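> following this: a sequence and the matching experimental structure.
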Amino acid sequence: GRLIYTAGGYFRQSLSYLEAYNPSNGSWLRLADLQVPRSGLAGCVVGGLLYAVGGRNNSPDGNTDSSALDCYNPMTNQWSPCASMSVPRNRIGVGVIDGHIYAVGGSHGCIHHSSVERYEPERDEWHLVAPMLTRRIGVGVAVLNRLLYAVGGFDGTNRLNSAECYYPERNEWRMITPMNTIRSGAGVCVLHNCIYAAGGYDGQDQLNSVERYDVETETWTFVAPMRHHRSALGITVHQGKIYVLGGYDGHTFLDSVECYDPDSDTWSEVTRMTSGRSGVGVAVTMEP
Ligand SMILES: NC[C@H]1OCCc2sccc21
């Protein structure tokens, strides 16, 4: 696409912001608010539409986990409700395969889901698929070569370095090599033939380390760390570079946005969000 969209998030309470950053000229645009504030959601794009999935509304008047799927049309600058998921999913992970949205894990109250469901936009309907081998919230999800990966998270008792892969034509999950680091709330994305896991929380500290999984070799290698420790960051890829947005570093809710160039193996600060926040949903699509 052309713009990096950031939806929702958390600072003092769950947020309704939708803002779009243009890497070509550095500018931010504030767009139509989410109908309901939410943090811990995931974002994704299918057919030029932006989707906001799951999350939780942490508010003065209570706290409600979200089963909502909401669609944003850049041409109209309007959000529309879509079919809700079977269950609320806070700290959700999402990935897209063949035009379908997979919702992975997350929490509802003290329930930590291992369940997974798939949304088909052409039918506006959700269907459950095979559950993961492990309950995971704060799970990172990415897609490579039509396979879905769930990385890290928290199972209700332990934070995880484990990861697993979903094979759609077998409707089956299999464990892959665990990361070298325990990470909850890491940013997970795909670049070239590798799954990247950036930042997160290991139980004691927020992380700046970054490692990547080569699917051919089945090994995790550390790359250069980010300039700022952060968990509950947003992540996306734009023209071959990784962008990480916001997060929580144990002291401050970050407005920092960093950009990773895999050819130089370096991170640089590229912009700041209009305000610090964590738990945003991020995706890339056309200009509104
Ligand atoms: N570790 C990040 C964490 O910070 C406190 C509030 C929220 S909402 C989503 C994630 C988070």
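Looks like it arrived, so ask away. Numbering: from 1, shown residues only.

> now for residue 23, how many residues are close by?
Here the number of neighbours of residue 23 (other CB atoms under 10 Å) works out to 18. To be clear about C-beta, it is placed using only N, CA and C from the backbone, and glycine gets the same treatment.

> the ligand contacts on the stretch 1-150 of the chain?
Residues of the stretch 1-150 of the chain that fall close to the ligand, judged by CB under 6 Å from any ligand atom: 10, 39-40.

> may I ask which of those residues has the most neighbours?
residue 40 (29 neighbours).

> OK, contacts around residue 222?
Shown in contact with residue 222 (CB atoms under 8 Å, 6 or more residues apart in numbering): 180, 209-211.

> show me just the buried residues among those residues.
The neighbour-count criterion (16 or more other CB atoms under 10 Å) marks 209-211 among those as buried.

> just the residues of the stretch 1-150 of the chain next to the ligand now: which is nearest residue 98?
The shortest approach to residue 98 among these belongs to residue 40, at 26.2 Å (CB to CB).

> show me the contacts for the closest one.
So residue 40 contacts 10, 54-56, 90-92, 106, 232, 279 (CB under 8 Å, 6+ apart).

> counting neighbours, what do you get for the nearest residue to residue 96 once chain neighbours are set aside?
Leaving out its chain neighbours, the residue that sits closest to residue 96 by CB to CB, 6 or more residues apart in numbering is residue 44, at 5.2 Å. Using other CB under 10 Å, residue 44 has 24 neighbouring residues.

> residue 44 reaches residue 94, doesn't it?
Yes: proximity of residue 44 to residue 94 meets the contact threshold set by CB atoms under 8 Å, at 5.1 Å.

> common neighbours of those two, please.
Residues touching both residue 44 and residue 94 (CB under 8 Å, 6+ apart) are 51, 53, 101.

> didn't the first one look like it was pressed against residue 44?
It stands for residue 51. Yes: taking CB under 8 Å as the definition, residue 51 is a contact partner of residue 44 at 5.2 Å.

> show me what contacts the residue of the stretch 151-288 of the chain found nearest the ligand?
The stretch 151-288 of the chain approaches the ligand most closely through residue 279 (2.9 Å), counting by CB to the nearest ligand atom. Residue 279 is in contact with 8-10, 39-41, 55, 91, 232, counting by CB under 8 Å, 6+ apart.

> using TSV, lay out the residues you listed together with secondary structure.
TSV is the format used below for these (DSSP: H, G, I helix; E, B strand; the rest coil):
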residue	secondary structure
8	coil
9	coil
10	strand
39	strand
40	coil
41	coil
55	coil
91	coil
232	coil
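
> take those and lay them out in a markdown table including distance to residue 242.
A markdown table is the format used below for the contacts of residue 279 (distance: CB to CB, whole Å):
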| residue | distance to residue 242 |
| --- | --- |
| 8 | 20 |
| 9 | 19 |
| 10 | 22 |
| 39 | 22 |
| 40 | 21 |
| 41 | 20 |
| 55 | 23 |
| 91 | 21 |
| 232 | 17 |
